[PDB]
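The lines below spell out each chain.
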Amino acid sequence: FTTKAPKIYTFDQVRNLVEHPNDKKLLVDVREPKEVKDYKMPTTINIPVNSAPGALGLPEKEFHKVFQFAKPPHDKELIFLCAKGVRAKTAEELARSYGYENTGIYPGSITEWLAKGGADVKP
């Protein structure tokens, strides 16, 4: 549980990460899967904080069974996209509580992201 606050990312830094994925980093969408149906930011993984706040503490095999992707290694940088309210802030704090000490945050919401032209951002 480090004291290092998450690195703040901007629209362009997230647009660059979506267009050119980096194996060191992962963009984490913390919205509910119900909201991801409206728009999923490409290359993101969905870890809903309201539904499963202890998700990043799950055992590896059960994480893959519950979410159908690999539990990220603890060296990966998890960049939490904003939702609205304190969801992303809570998910980042929970990630650091589970050994994920390399974290980031994109303060913009999905609505803010789509308003700035993120709908056609693709890899």
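Residues numbered from 1 in each chain as written, not as in the entry; some residues may be left out. Heavy atoms only, no water. Residues with missing side-chain atoms left out of burial classes, pairs and counts.

The record lists X-ray crystallography as the method behind this PDB entry and 2.471 Å as its resolution.

The chain appears in the PDB entry as Thiosulfate sulfurtransferase RDL2, mitochondrial from Saccharomyces cerevisiae. The title assigned to this entry in its PDB record is "Crystal structure of Saccharomyces cerevisiae single domain sulfurtranferase RDL2". Under Catalytic activity, UniProt gives the following word-for-word description of the chain: "thiosulfate + hydrogen cyanide = thiocyanate + sulfite + 2 H(+)". (UniProt positions renumbered as here; feature names shortened; annotations may be inferred.)

Draft legend 1. View of the UniProt feature "domain: Rhodanese" in the chain. With numbering matched to this structure, UniProt assigns "domain: Rhodanese" to residues 21–122. Between the C-alpha atoms that bound residues 21–122 there is a distance of 10 Å. The span itself is 28% helix and 20% strand. (Helix = DSSP H or I, 4+ residues; strand = E, 2+ residues; numbered from the N terminus.)

Draft legend 2. Local environment of unusual backbone geometry. Of note in the backbone geometry, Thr-43 takes a positive phi value of approximately 70° without being a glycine. Structurally, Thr-43 can be placed in the loop between α2 (33–36) and β3 (45–46). Take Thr-43: its relative accessible area is 33%, and that puts it in the partly exposed class. A positive phi is found at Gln-68, a non-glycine position, where the angle reads about 65°. With respect to the helices and strands, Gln-68 occurs in the loop between α3 (60–67) and β4 (77–82). (Buried < 20%, exposed > 50% of the residue type's maximum accessible area, 1.4 Å probe, protein only.)

Draft legend 3. Quick look at the sheet that holds β3. Read from one edge of the open sheet, 5 strands run β1-β5-β4-β2-β3, paired in parallel fashion. With partners counted over all chains shown, the strands left at the sheet margins are β1 (7–8) and β3, one partner each. Relative to strand β5 (residues 103–109), β4 runs parallel, the two sharing 5 bridges. For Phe-80, the partnering residue across the bridge sits in β5 and is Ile-105. (Pairing = 2+ DSSP bridges.)

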